[PDB]
Amino acid sequence: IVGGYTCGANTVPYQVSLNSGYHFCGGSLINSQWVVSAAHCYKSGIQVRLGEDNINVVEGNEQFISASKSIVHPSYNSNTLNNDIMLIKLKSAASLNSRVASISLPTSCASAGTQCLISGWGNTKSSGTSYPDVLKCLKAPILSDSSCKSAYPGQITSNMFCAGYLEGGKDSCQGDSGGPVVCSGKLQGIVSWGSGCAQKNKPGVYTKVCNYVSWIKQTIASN
Ligand SMILES: CN/C(=N/C#N)NCCSCc1nc[nH]c1C
Ligand SMILES: [Ca+2]
Ligand SMILES: [Cl-]
């Protein structure tokens with residue numbers, strides 16, 4: 001997260017770190033046994049880390065649970081990033097509490113202007129590189145479809161929305177991938193892609209989760 005603030009330990013209790021020897025992607029807990037992330041975060045050997053603030057220090061609220069099953073969206077295209085969504089089933093149910101909690105799926109799609117909370121352990125600099133160890137937060141509005149398409153001509157599908165600031169300075173970045181965009185207690189987005197981070201007229205591009213709710217519920221019900 002560039003131009004954000006320190007969330008505060010366990011204030012984003014649905015935020016997960018995906019770990020393969022190191023944090024490499026975020027995710028969102030949507031029930032005791034399932035995480036939503038980006039398809040582009042897919043790899044084997046995933047350990048899901050919940051109750052995390054400092055990902056380099058055991059602080060006392062962590063649950064470390066291995067993935068049993070990953071499911072990349074059937075229609076994921078790694079070239080266009082269309083349908084950038086993946087489900088991870090945990091080997092055991094997470095123990096749910098104030099610091100480890102599922103986030104609600106949307107019943108309706110969110111609209112441009114809706115303020116959202118974007119979070120992750122990604123890079124904090126526009127130019128150069130510094131990884132925070134504690135979770136960073138950004139309040140960002142959803143941008144209009146027309147702005148998003150003007151910013152990235154030829155690239156924005158019906159499964160994508162822009163959120164952030166066309167003036168730049170405030171964005172998601174490298175390592176925030178797969179992480180949540182929450183708007184009024186609902187998971188409306190997944191950190192998917194962008195052009196650099198926090199550049200003028202190059203806002204963050206998010207997976208539009210409301211399009212995927214029936215696939216998510218169907219998949220959970222049979223897996
Ligand atoms: C992560 N999504 C973003 N939000 C915004 N801006 N940032 C876009 C670039 S981040 C770095 C990168 N680019 C390709 N692969 C990787 C890991
Ligand atoms: Ca920790
Ligand atoms: Cl529009």
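What's counted below: heavy atoms across the whole structure, side chains too, no hydrogens, waters or symmetry copies. Positions are given from 1, in the same order as the sequence printed here. In each ligand, atom 1 is the first atom listed, and ligand 1 is the first ligand listed.
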- Does some non-hydrogen atom of the protein lie less than 4.0 angstrom from atom 15 (N) of ligand 1?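 Answer no: nothing from the protein, no heavy atom, is under 4.0 Å.
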- Do you see a protein non-hydrogen atom under 4.0 Å from atom 2 (N) of ligand 1? yes
Does [X] bring an N, O or S atom to within less than 3.0 Å of the Ca ion (ligand 2)?
X   : value
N54 : yes
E59 : no
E62 : yes
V58 : no

- Query: Do you know the tightest heavy-atom contact between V191 and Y206?
  - Reply: CA-CD2, 3.5 Å
- Message: Quick check on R99: does its CZ atom have over 12 non-hydrogen neighbours (other residues, nucleotides or ligands) under 6.0 Å away?
- Response: no
- Taking everything shown except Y76 itself, do over 12 heavy atoms lie less than 6.0 Å from its OH?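 Buried by this count: over 12 neighbours within 6.0 Å.
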- Query: With a 3.5 Å cut-off and no angle check, do the side chains of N82 and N77 form a donor-acceptor pair?
  - Reply: no
- Item | Close approach of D171 to ligand 1, heavy atoms, under 4.0 angstrom |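 Yes.
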- Message: If you take the nearest heavy atom of each of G196, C197, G175, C173, which one is closest to atom 8 (C) of ligand 1?
- Response: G196
- Among non-hydrogen protein atoms, atom 4 (N) of ligand 1 lies closest to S172 OG, 2.8 Å
- Message: Looking only at protein heavy atoms, which one is nearest to atom 10 (S) of ligand 1, and what is the separation?
- Response: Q174 N, 3.4 Å
- With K170 as the cation and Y165 as the aromatic partner, state whether NZ or CZ is under 6.0 Å from the six-membered ring centre and within 45° of the axis.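 Yes, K170 and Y165 form such a contact.
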- Task: Under 4.0 Å from a heavy atom of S177: give me the atoms of ligand 1 that qualify, with their elements.
- Result: 1 (C)
- Identify, by name, the N, O or S atom of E52 lying closest to the Ca ion (ligand 2).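 Of all N, O or S atoms belonging to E52, OE1 is the one nearest the Ca ion (ligand 2).
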- Item | Check: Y22 ring centre within less than 6.0 Å of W121 ring centre |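 Centroid separation for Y22 and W121: 6.0 Å or greater.
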- Message: For a side chain to side chain donor-acceptor pair (under 3.5 Å) check, start with the C-alpha distance between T6 and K136, then their side-chain angles and the critical distance, and finish with the verdict.
- Response: CA-CA 5 Å; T6 293; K136 297 275 160 185; 2.7 Å; yes
- Consider only side-chain heavy atoms of I, L, V, M, F, W and Y, link residues closer than 4.5 Å, and tell whether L187 and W215 are in one cluster.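 Same hydrophobic cluster.
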